[PDB]
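Reminder, nothing fancy here: chain letters follow the sequence lines and each chain counts from 1. Side chains included, hydrogens not; waters and symmetry mates left out as well; all remaining heavy atoms used.
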There are 4 protein chains.
Amino acid sequence: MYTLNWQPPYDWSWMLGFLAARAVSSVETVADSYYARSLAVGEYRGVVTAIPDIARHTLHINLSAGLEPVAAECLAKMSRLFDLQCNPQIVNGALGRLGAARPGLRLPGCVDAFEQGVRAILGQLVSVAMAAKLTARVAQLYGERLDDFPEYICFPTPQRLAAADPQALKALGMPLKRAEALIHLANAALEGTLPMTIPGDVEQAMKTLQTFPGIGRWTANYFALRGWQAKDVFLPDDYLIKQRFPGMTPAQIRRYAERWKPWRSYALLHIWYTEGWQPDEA
Amino acid sequence: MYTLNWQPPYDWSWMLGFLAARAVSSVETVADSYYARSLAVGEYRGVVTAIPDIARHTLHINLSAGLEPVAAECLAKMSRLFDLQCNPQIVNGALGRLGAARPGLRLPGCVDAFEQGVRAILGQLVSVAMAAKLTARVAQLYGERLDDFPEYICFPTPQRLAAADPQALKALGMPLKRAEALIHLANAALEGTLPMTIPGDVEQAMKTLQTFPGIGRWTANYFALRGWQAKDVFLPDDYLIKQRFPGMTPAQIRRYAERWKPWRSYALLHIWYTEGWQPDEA
Amino acid sequence: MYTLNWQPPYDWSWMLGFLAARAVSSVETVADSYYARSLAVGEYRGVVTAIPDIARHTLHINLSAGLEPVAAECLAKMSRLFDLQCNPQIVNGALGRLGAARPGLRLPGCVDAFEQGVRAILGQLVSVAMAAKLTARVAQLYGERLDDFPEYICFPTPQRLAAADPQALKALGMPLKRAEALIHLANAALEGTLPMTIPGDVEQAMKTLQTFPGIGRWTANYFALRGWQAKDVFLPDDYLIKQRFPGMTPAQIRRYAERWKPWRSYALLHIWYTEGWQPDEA
Amino acid sequence: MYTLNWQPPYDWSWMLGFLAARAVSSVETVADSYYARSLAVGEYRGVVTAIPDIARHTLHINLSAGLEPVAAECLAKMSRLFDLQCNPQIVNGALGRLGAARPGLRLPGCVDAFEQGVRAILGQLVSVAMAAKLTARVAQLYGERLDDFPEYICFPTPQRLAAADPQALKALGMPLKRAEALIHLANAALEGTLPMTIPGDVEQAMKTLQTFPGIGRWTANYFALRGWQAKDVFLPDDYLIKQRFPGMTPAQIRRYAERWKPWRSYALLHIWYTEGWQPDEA
DNA sequence: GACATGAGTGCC
DNA sequence: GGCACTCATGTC
DNA sequence: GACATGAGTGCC
DNA sequence: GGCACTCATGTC
């Protein structure tokens with residue numbers, strides 16, 4: 001019903017692929033041609049369906065009756081999740097060769113910073129499939145079920161996770177430290193201490209995030225990349241990244257990435273999705 | 001170009017009247033049939049125009065060329081400024097006779113919490129008109145002039161106001177502590193310490209805000225009401241509110257306001273704009 | 001055995017009486033001519049007996065073998081307890097008529113700041129006698145018994161009280177809050193966070209003490225007076241003191257108390273022990 | 001002429017020699033048959049003299065008239081400086097071989113924790129004779145001279161070094177950071193943050209000290225050793241200690257030293273003063 | 001007596 | 001109006 | 001020696 | 001991965 005446009009090229013096959021690998025059962029549904037999930041904005045709840053019209057390079061968004069009163073906010077959330085503001089020319093031009101194998105590459109955002117915070121923490125260590133399944137168990141235990149869509153469940157809110165029992169979370173298959181990380185993050189979101197929108201100084205912001213128990217450099221970087229969709233951040237600590245730069249230390253890698261500023265977040269995505277890639281031995 | 005729905009009744013005459021008295025020259029233009037202002041979403045800039053359509057219960061939004069990449073976020077900003085989410089039947093059902101005279105009353109929000117915080121601060125102990133002109137000076141002195149629309153300036157970024165000279169601001173017409181208050185707020189906005197969207201615990205978030213220099217209970221409440229669009233906050237320390245409640249002390253007003261929960265913000269507006277209103281002598 | 005001097009006059013009956021009223025069963029023993037009690041100095045423990053000799057203004061101190069290795073710390077603890085340093089000519093000269101009825105009055109200190117801290121906390125709200133009853137109970141359950149002197153038990157150390165169960169202390173006859181205050185104090189004691197000797201800036205240190213849970217202004221002052229032997233502190237919040245200044249508010253008593261600077265601690269004691277004292281008819 | 005006991009053996013020659021090299025001109029006077037120094041306790045001041053009596057295993061202490069009022073505290077200060085509490089049969093029965101050559105070794109204490117902290121700071125990275133000459137300058141500029149004994153001067157008090165101009169301190173022969181260290185230290189001493197007596201948890205307290213500006217691990221360890229007279233601390237970061245354990249890392253040194261628990265401080269003193277000492281093949 | 005809350009009174 | 005700073009209340 | 005930075009190790 | 005702790009290293 002609602003439509004949002006984008007600037008070609010846009011690789012929808014990759015975006016949905018990325019998102020489908022990380023989909024949380026009962027929360028999200030990802031198909032080759034559309035994306036849909038439960039969505040909550042305040043006390044308004046429902047389901048959102050996004051259908052990409054390649055031909056006319058536009059995204060069709062349908063909203064369940066419950067979200068109509070806050071239609072625009074839902075639209076802004078989809079635009080952030082799908083990085084519709086991206087001008088591929090500027091990025092593909094500034095990255096030269098690195099972004100030529102797939103110039104439609106977009107930065108997968110999120111629909112809610114808190115959710116992404118929870119996802120980022122649970123993403124620690126385990127594989128993607130495990131992170132997803134782990135997140136699914138948290139949603140099934142603390143999420144809100146939609147009365148008009150019994151198959152859908154809303155992602156847990158800060159009010160529920162903040163009151164959660166550390167041992168209950170532990171029981172879902174996570175260390176006690178990670179459960180406490182979640183409970184503390186929820187409390188921050190309630191208090192208004194978790195930046196829900198990109199701050200002017202992403203560097204200071206992340207430094208403050210690292211004071212949170214259970215959140216280190218990796219988590220804060222990954223949270224900034226996906227949760228604030230900050231476009232200039234690298235993850236020299238990432239497992240797959242450390243494999244793309246054999247023999248180099250976090251600082252050497254970090255020093256190498258300076259060359260891609262101010263679009264380091266994009267460079268990161270490309271290097272991640274190019275198995276053959278390797279650095280230039282200066 | 002873009003259109004947003006709203007549920008009747010909606011008193012546009014009153015809404016535009018409220019924004020018009022507080023309009024900042026060079027930043028926004030308010031007329032009988034429309035509202036327009038500069039808008040910055042990251043590096044994207046332009047002018048937004050809002051034209052209500054009573055016949056269709058719709059609001060038409062026009063974005064200048066520079067804001068199209070982030071059109072959805074702009075739509076969301078406008079929906080928060082004009083309280084398009086409001087269901088008057090629900091609010092009026094609860095408020096009873098209090099709102100019966102103007103069932104179309106809405107809660108005027110803002111397009112950005114930082115800006116609103118700056119405005120809430122410059123409005124301390126001065127007339128709406130002075131605060132208006134005062135803010136304009138700060139605007140011209142630190143704003144980003146739109147190239148495509150020379151007469152429009154974007155509101156100062158936390159960036160620019162954080163590195164401002166506490167004196168260059170006092171000069172414009174404010175005590176020294178007033179200027180420090182702004183400079184502090186700006187820094188907070190830079191690292192994400194100022195909540196940009198409403199937190200789960202409004203009570204607690206306001207407490208933290210009150211630890212800010214230059215921000216007391218009044219400013220913090222007014223900020224929650226307009227900047228976060230919190231719907232259940234009252235302003236017992238407001239000068240005018242004290243006149244509407246002859247005699248009574250803050251805790252007594254607050255106690256009497258309890259009867260309008262969970263829509264105290266709306267009740268507040270109805271009382272502010274109802275001349276001879278007075279509590280039940282009961 | 002060991003002997004220490006003091007300067008006449010010294011009202012030993014008033015002093016011994018004062019200590020008898022607060023004496024804790026199993027820890028101390030007070031008679032009309034001597035004071036004796038358990039005493040721990042690190043890992044060294046034993047019994048100390050103090051016998052005054054009015055004729056030659058000397059105090060004879062005896063130590064059981066367990067304390068011999070730390071003789072001098074024992075002597076210092078005893079001299080602070082009995083305020084052997086006092087020069088009555090100076091203090092009585094400054095107070096004037098206030099202290100002319102008992103020129104031999106001294107400031108009863110303590111043998112250990114941690115102990116006094118526990119004693120001050122348990123002295124909250126209740127009567128002198130009842131507090132001694134409670135302290136005796138706490139010591140009974142958490143103190144160590146001297147092998148060499150079964151009849152005696154050492155006052156509970158900080159490490160023992162720190163690892164005590166709040167519920168176990170609650171049962172002895174105090175609210176849960178009060179018992180938590182004790183456990184917190186023990187922790188500060190272990191960490192070196194509770195000044196054990198009088199600080200250079202008593203006012204500042206007392207302020208720091210008030211941040212402790214369970215410790216308000218009364219407990220901090222009283223503790224500073226007994227635990228540090230601060231000579232210039234008044235107790236305007238004291239029960240009996242307010243009874244000596246009928247109808248006067250805290251800040252009033254405090255301002256009045258100023259004329260006794262810098263010996264307010266001594267004036268305080270003189271007022272407590274003047275049956276019919278009343279502020280000057282002026 | 002007061003008298004204190006000690007258990008034999010006691011190497012006075014070694015003790016006086018250690019204090020003699022660190023003697024600060026005008027404050028302490030060291031000779032082979034006696035130690036003498038100015039001393040303060042609150043506002044009572046004077047000169048203390050200590051005469052060892054090998055014959056009767058006794059130490060004779062004489063106090064000038066200005067200290068008599070607080071004689072007991074003065075005796076405790078001396079017993080801590082000279083480690084009179086030490087039972088050599090117990091320490092050596094544990095250290096074995098290592099302590100067999102100088103069974104009379106004692107732990108040189110201090111007369112006051114603040115003073116010792118200052119010396120720990122001014123002894124950093126400079127020779128011993130140099131720290132002595134520098135400290136003497138500070139004592140000379142910030143000390144209260146004694147009226148009864150013109151030749152002697154009191155060590156600086158915390159209130160005085162606190163109101164010190166950094167620049168003034170530096171000019172005496174030290175970097176700025178250091179002078180700043182002394183000033184912070186005085187403040188802490190003033191508000192009661194610097195533990196003046198050994199705490200229940202020496203390790204926790206040493207960590208809290210490491211957060212003071214200018215105090216690292218070597219300074220904390222050393223301060224604890226001499227300022228609190230902690231009997232079980234080792235200094236794996238010491239210049240000479242690194243030389244005694246050739247090619248060993250601080251962690252390896254520390255692991256090795258565990259064989260001397262719980263008397264690591266005495267082990268440290270024996271190893272420090274044993275030229276050519278070296279570790280076994282453990 | 002500790003501690004959070006309410007009054008208010010006066011000052012940049 | 002922010003900010004402090006001093007009484008007066010009312011549970012545990 | 002204090003103290004930032006940076007690799008690296010070992011245990012949640 | 002987080003995080004406390006360890007081993008250089010360069011600076012003042």
Note, A:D237 side chain near A:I253 side chain (heavy atom, < 4.5 Å): no
message: Can you confirm whether D:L225 sits close enough to D:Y222 that some side-chain heavy atom of one is under 4.5 Å from a side-chain heavy atom of the other?
response: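 The answer is yes, as the side chains (C-beta and beyond) meet within the 4.5 Å cut-off.
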Nearest to the [X] side chain among [options], which nucleotide is it?
| X | options | answer |
| --- | --- | --- |
| A:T219 | H:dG1, H:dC3, E:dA7 | H:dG1 |
| B:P213 | G:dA2, G:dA7, F:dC3 | F:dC3 |
| B:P250 | H:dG1, E:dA7, E:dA2 | E:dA7 |
| A:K177 | F:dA8, G:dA7, H:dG1 | H:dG1 |
| D:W218 | E:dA7, H:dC7, G:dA2 | G:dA2 |

Is a donor on one side and an acceptor on the other found under 3.5 Å between the side chain of [X] and the backbone of [Y]?
| X | Y | answer |
| --- | --- | --- |
| C:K242 | C:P236 | yes |
| A:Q252 | A:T249 | yes |
| A:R119 | A:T135 | no |
| A:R244 | A:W272 | yes |
| C:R178 | C:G173 | no |

- request: Calculate the interatomic distance between A:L125 atom CG and G:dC11 atom P; express it in whole Å.
  value: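 One finds 16 Å between P of G:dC11 and CG of A:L125, rounded.
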task: Would you tell me if any nitrogen or oxygen in the side chain of D:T249 comes within less than 4.0 Å of OP1 or OP2 on H:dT6?
output: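 Checking D:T249 against H:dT6: no side-chain N or O falls below 4.0 Å of OP1 or OP2.
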- prompt: Within less than 4.0 Å of OP1 or OP2 of H:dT6, is there a side-chain N or O belonging to D:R217?
  reply: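 The answer is yes; a side-chain N or O of D:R217 sits under 4.0 Å from OP1 or OP2.
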message: So, taking the atom named NZ in A:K133 and the one named OG in A:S127, what distance separates them when rounded to the nearest 0.5 Å?
response: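 Those atoms lie 9.0 Å apart.
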Looking across every strand, which nucleic acid part, if any, lies under 4.0 Å from [X] by heavy atom: base, sugar-phosphate, or nothing?
| X | value |
| --- | --- |
| B:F212 | sugar-phosphate |
| B:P175 | nothing |
| B:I215 | sugar-phosphate |

- request: Give, ordered by number, those residues of residues 204-211 of chain D having at least one heavy-atom distance below 4.0 Å to an atom of DNA chain G; if nothing qualifies, reply none.
  value: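 Contacting residues: none.
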query: Name the stems that DNA chain F belongs to, where each is three or more consecutive Watson-Crick or G-U pairs with both distances under 3.5 Å?
result: E:2-4 with F:9-11, E:7-12 with F:1-6
